[PDB]
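Numbered from 1 within each chain, the chains take letters A, B, ... in sequence-line order. Side chains included, hydrogens not; waters and symmetry mates left out as well; all remaining heavy atoms used.
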Amino acid sequence: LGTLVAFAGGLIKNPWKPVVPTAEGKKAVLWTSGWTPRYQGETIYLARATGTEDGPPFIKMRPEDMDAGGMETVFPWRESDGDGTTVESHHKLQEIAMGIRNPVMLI
Amino acid sequence: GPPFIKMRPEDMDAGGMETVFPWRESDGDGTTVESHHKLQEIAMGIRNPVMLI
Amino acid sequence: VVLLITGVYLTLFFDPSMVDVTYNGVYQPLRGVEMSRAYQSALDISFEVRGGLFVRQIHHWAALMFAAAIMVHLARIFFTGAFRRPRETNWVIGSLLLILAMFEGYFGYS
Amino acid sequence: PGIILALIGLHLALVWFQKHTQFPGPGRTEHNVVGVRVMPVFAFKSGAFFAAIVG
Amino acid sequence: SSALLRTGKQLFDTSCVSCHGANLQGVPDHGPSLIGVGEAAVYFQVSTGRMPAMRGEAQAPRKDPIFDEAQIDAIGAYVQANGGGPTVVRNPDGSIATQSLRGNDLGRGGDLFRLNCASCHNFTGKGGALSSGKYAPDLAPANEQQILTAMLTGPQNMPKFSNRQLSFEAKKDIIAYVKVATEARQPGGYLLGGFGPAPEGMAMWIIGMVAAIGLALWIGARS
Ligand SMILES: CC(C)=CCC/C(C)=C/CC/C(C)=C\CC/C(C)=C/CC/C(C)=C/CC/C(C)=C/CC/C(C)=C/CC/C(C)=C/CC/C(C)=C/CC1=C(C)C(=O)c2ccccc2C1=O
Ligand SMILES: CC(C)=CCC/C(C)=C\CC/C(C)=C\CC/C(C)=C/CC/C(C)=C/CC/C(C)=C\CC/C(C)=C/CC/C(C)=C\CC/C(C)=C/CC1=C(C)C(=O)c2ccccc2C1=O
Ligand code: HEC
Ligand code: HEC
Ligand code: HEM
């Protein structure tokens, strides 16, 4: 019994430990989204993907950039992330692009 | 910013040794990802290091 | 047997990481795209090793034939009644083999 | 692959030591096996089938 | 002779008024208004043949075109004279651009296609099925101006991509990716239609297994 418990004990993780910092403390991963505010009143833009990597992989949007029959995917921007020039901002952006609860349809 | 900086002949005394690498100023400091790749490839080359006596 | 041989060949070129890189390879319509290391290794097997695409295609076709042959064999065993008194345990071993083959093929093409 | 290899070995061993079944026919009984010996014929047919499947 | 849309409003009156009205007003039974639309909508709808349509249901299919000899221009100018919709691109000769609508970057075009277009059509532009009848057609026989006007006018149940959310470079690059994806070889043998594992499983069951079972029938005796 002791041996088997020690064998299968390194894999087990708690899904509900608070590790994600938000505006009301720390939450579990399965309830934060990336659209969650971090310091009580921060601005999160609806950026869109451009498919190019000179400077913008994400740019802000205006309400007039769409007609009455259009759809668009958007992501959370957080201007403190900046464009993808340095390695730090490039890491931030590549983590924004790969989040399973980030994408949003704009109708 | 600097993982590599130039050198002057007066930055050494008569009993010192130092390792040096090829710089090629067109590589720049390690800010962007392009220059960071260039520098990380300079740092790992099996015939690059040199002893300065 | 063919699966074993071709998989041993394939293990010499595959890199199973999930770190991100930029392609910068020979396949032009994907240059500059950011991808994992496993996807890049598979592209390198496909386009930059002489005879690699052929080998991975043989691997996949052999997996399909493995599954199909197992199912036809099970059909024979069931319909002819070859599972009766002396051979129930051999039937059980066959069933376990079927389940394992299914999940192995799944993990493989993923 | 290791588990599958072990189970395939066990499967073939059980089939080898519990002799094969057969269909009813002219000289077939529940106490004998009618067919061909391994020695010249069966290994030959098995190898030829292997080569054809690989092809 | 641009001051001549008397042709135009000669063909519309004898092929369209039964479903759109004499004043392009949208007969409240069948057809839409056709006022805000422009030359691009008429070009895409007529040149592909989806226009003048019979009974009309969940999807008007693509057919053979009825109008050419510069009468698609006639109907297009006549409809543009009654609204301000988008217009068809032109080359320095006055004809419709084909070659100038191909971009030079296929990576960005393919990423944009996979994000915006591949959901309904396919990875490589084959068809896709929508709900209750309607489907998304194949992108192989459409030329460049048809692709541009298709994603510019937003035909039935297809979203409308303006020139503000999809700039002109983006459209040119998507056109280039589509035209390259429909005309490239298959460097692995005969591709089984463009889809995933369904044709592959069928080909296995109906070629490899019959070959194997036929050789088993030939080698082994039957009793
Ligand atoms: C015979 C056996 C299944 C009985 C088991 C006894 C039963 C009581 C146990 C419980 C099982 C439960 C309760 C229900 C089982 C249903 C299902 C959920 C089982 C999962 C896996 C199952 C056990 C596998 C068995 C399937 C069966 C044995 C397949 C054999 C088919 C036959 C014998 C092939 C003969 C020759 C063949 C027809 C050559 C012609 C080719 C034809 C067209 C094959 C048809 C065909 C097939 C079969 C495809 O799978 C396929 C997949 C993708 C695209 C196309 C095809 C396709 O066309
Ligand atoms: C000795 C040596 C290896 C040491 C190495 C020295 C060392 C210093 C060198 C280091 C080098 C290392 C790194 C690599 C060396 C080896 C390396 C190159 C190998 C990697 C992969 C390589 C390419 C593999 C090559 C081998 C290949 C060409 C040969 C494959 C052919 C074999 C495996 C076929 C065997 C078939 C099977 C396993 C036998 C089962 C028994 C037979 C088939 C009977 C089956 C059978 C039974 C049992 C029934 O009961 C039955 C009942 C009713 C109807 C039918 C049957 C029936 O068919
Ligand atoms: C009543 C039969 C019918 C006839 C005849 C017909 N149309 Fe249509 N038309 C429709 C229907 C129905 C639609 C709605 C689009 C759809 O659902 O596919 C439509 C749509 C259109 C559209 C696109 C509307 C939009 O908002 O994008 C244009 C442009 C058009 N028609 C022009 C024409 C032209 C040019 C002719 C040829 C003289 C023609 N119509 C003849 C029925 C008809
Ligand atoms: C599932 C929603 C949907 C999306 C998203 C979509 N399409 Fe379409 N597409 C359709 C439908 C439905 C039609 C058929 C319209 C018709 O027949 O009038 C169509 C028609 C077309 C055609 C005409 C094909 C032909 O042979 O005439 C082209 C070209 C086209 N779309 C290109 C695109 C491009 C490029 C994109 C990405 C910007 C795109 N589509 C995105 C559903 C969609
Ligand atoms: C035993 C049953 C097996 C099944 C059913 C199976 C199935 C598959 C399939 C379908 C693929 C996808 C290949 C592709 O799409 O290109 C794959 C990939 C792969 N297989 Fe297997 N496989 C088996 C055994 C093995 C073994 C024994 C090895 C190695 C010893 C192996 C090594 C690999 C590797 C490295 C890949 C990834 C390489 C690539 O995708 O190109 N496989 N497997």
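Across all non-hydrogen atoms, the minimal contact from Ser35(B) to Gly28(B) is OG-O, 3.1 Å. Considering all non-hydrogen atoms of both residues, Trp35(A) and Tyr45(A) come closest at CZ3-O, 4.1 Å. Closest approach of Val27(E) and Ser18(E) over heavy atoms only: CG2-O, 4.4 Å. Taking each heavy atom of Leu152(E) and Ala40(E) in turn, the nearest pair found is CD2-CB, 4.0 Å. A pairwise comparison of heavy atoms in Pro65(E) and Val46(E) identifies CB-O, 3.8 Å as the closest pair. The minimum heavy-atom distance linking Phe113(E) with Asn122(E) is given by the pair CE2-O, 3.4 Å.
Not counting sequence neighbours, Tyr39(C) has no partner by the ring pair (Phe, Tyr, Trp, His ring centres under 6.0 Å) test. Remark: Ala170(E) engages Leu112(E), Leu166(E) in a side chain to side chain contact (heavy atoms under 4.5 Å, CB included) (not counting sequence neighbours). Taking the ring pair (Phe, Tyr, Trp, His ring centres under 6.0 Å) definition, one finds that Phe13(C) meets it with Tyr9(C), sequence neighbours left out. In terms of the ring pair (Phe, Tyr, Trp, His ring centres under 6.0 Å) criterion, residue partners of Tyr27(C) (sequence neighbours excluded) are, by chain and number, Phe47(C). When the side chain to side chain contact (heavy atoms under 4.5 Å, CB included) test is applied to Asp68(E), no partner is found at least two apart in sequence or on another chain. Remark: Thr48(E) engages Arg50(E) in a side-chain hydrogen bond (donor to acceptor under 3.5 Å, both in side chains) (not counting sequence neighbours). In this structure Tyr135(E) satisfies the ring pair (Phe, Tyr, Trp, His ring centres under 6.0 Å) test with no other residue, sequence neighbours excluded. With sequence neighbours left out, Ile207(E) forms a side chain to side chain contact (heavy atoms under 4.5 Å, CB included) with no residue at all. Remark: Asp81(A) pairs with no residue by the side-chain hydrogen bond (donor to acceptor under 3.5 Å, both in side chains) rule, at least two apart or across chains. For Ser162(E), the side-chain hydrogen bond (donor to acceptor under 3.5 Å, both in side chains) partners two or more places apart in sequence, or in a different chain, are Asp67(A).
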Sequence neighbours excluded and cut-off under 3.5 Å, please list the side-chain donor-acceptor pairs for residues 97-107 of chain A, or say none.
from	atom 1	to	atom 2	distance (Å)
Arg101(A)	NH1	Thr32(A)	O	3.1
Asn102(A)	ND2	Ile96(A)	O	2.9

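In this structure, the side chain of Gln25(E) does not engage the main chain of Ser33(E) through any donor-acceptor pair within 3.5 Å. Looking at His36(B), its side chain never comes within 3.5 Å of a backbone N or O of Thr31(B) through a donor-acceptor pair. Judged purely by atom type and a 3.5 angstrom limit, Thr86(A) has no side-chain atom pairing as donor or acceptor with the backbone of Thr32(B). Looking only at distances, a side-chain donor or acceptor of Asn91(E) sits under 3.5 Å from a matching main-chain atom of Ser95(E).
By the neighbour-count criterion of 12 heavy atoms within 6.0 Å, atom CG of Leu12(C) is densely surrounded, having more than that number from other residues, nucleotides or ligands. The environment of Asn104(E) atom CG is sparse: at most 12 non-hydrogen atoms of other residues, nucleotides or ligands sit within 6.0 angstrom. Other residues, nucleotides and ligands contribute more than 12 heavy atoms inside 6.0 Å of the NZ atom of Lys38(B).
Using a 4.5 Å heavy-atom cutoff, the side chains of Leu106(E) and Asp173(E) are not in contact. With contacts defined as side-chain heavy-atom distances shorter than 4.5 Å, the pair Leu24(E)/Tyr78(E) qualifies. Taking 4.5 Å as the limit, every side-chain heavy atom of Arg37(C) sits out of range of all side-chain heavy atoms of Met18(C). Annotation: side chain of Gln146(E) is in contact with side chain of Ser47(E) (closest heavy-atom distance under 4.5 Å). Inter-residue side-chain proximity for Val33(C) and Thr22(C) is flagged as unmet; no heavy-atom pair is nearer than 4.5 Å. Residues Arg38(A) and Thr22(A) fail the side-chain proximity criterion, which asks for heavy atoms closer than 4.5 Å. Residues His121(E) and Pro137(E) have side chains in contact (heavy-atom distance under 4.5 Å, counting atoms from C-beta outward). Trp205(E) places none of its side-chain heavy atoms less than 4.5 Å from the side chain of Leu64(C).
Here salt bridge (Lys or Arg N to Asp or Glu O under 4.0 Å) pairs that include residues 98-122 of chain E, with residues two or more places apart or in two chains, are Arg102(E)-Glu144(E).
Interatomic distance, CD of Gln40(C) versus CD of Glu34(C), reported as 11.5 Å (0.5 Å rounding). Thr6(C) OG1 to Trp61(C) CH2: the interatomic distance, rounded to the nearest 0.5 Å, is 14.5 Å. Rounding to the nearest 0.5 Å gives a distance of 15.5 Å between CD of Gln165(E) and CZ of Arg62(A). Within the model, atoms SG of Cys117(E) and CG of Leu139(E) stand 8.0 Å from one another, a figure rounded to the nearest 0.5 Å. The CG atom of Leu39(B) sits 12.5 Å away from the CZ atom of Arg24(B) when rounded to the nearest 0.5 Å. From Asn143(E), atom CG reaches atom OG1 of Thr98(E) across 8.0 Å, with rounding to the nearest 0.5 Å.
Checking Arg31(C) against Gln28(C) by side-chain atom types alone, no donor-acceptor pair falls below 3.5 Å. Side-chain contact, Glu39(E) with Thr87(E): a donor N or O sits under 3.5 Å from an acceptor N or O.
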> Could you go step by step and tell me if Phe75(A) and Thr73(A) meet the side chain to side chain contact (heavy atoms under 4.5 Å, CB included) rule?
Replying inline: CA-CA 7 Å; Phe75(A) 301 89; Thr73(A) 254; 3.4 Å; yes

> How far apart are the C-alpha atoms of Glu48(C) and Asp44(C), what are their side-chain angles, what is the distance that settles it, and do they pass the side chain to side chain contact (heavy atoms under 4.5 Å, CB included) test?
Replying inline: CA-CA 5 Å; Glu48(C) 282 157 57; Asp44(C) 278 285; 2.7 Å; yes

>> Test side chain to side chain contact (heavy atoms under 4.5 Å, CB included) on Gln156(E) and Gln59(E); report intermediate values, then the result.
In response: CA-CA 8 Å; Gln156(E) 49 176 348; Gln59(E) 269 189 350; 4.1 Å; yes

>> Determine whether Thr52(A) and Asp54(A) satisfy the following criterion, side-chain hydrogen bond (donor to acceptor under 3.5 Å, both in side chains), listing intermediate values before the conclusion.
In response: CA-CA 6 Å; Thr52(A) 191; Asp54(A) 353 1; 2.5 Å; yes

>> Would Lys60(A) and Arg48(A) count as a side chain to side chain contact (heavy atoms under 4.5 Å, CB included) here? Give the steps.
In response: CA-CA 7 Å; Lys60(A) 314 178 190 182; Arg48(A) 77 198 189 193; over 6 Å; no

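In this pair, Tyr106(C) and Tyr109(C) present their aromatic rings perpendicular. The plane angle is above 60°, beyond the 30 to 60° band.
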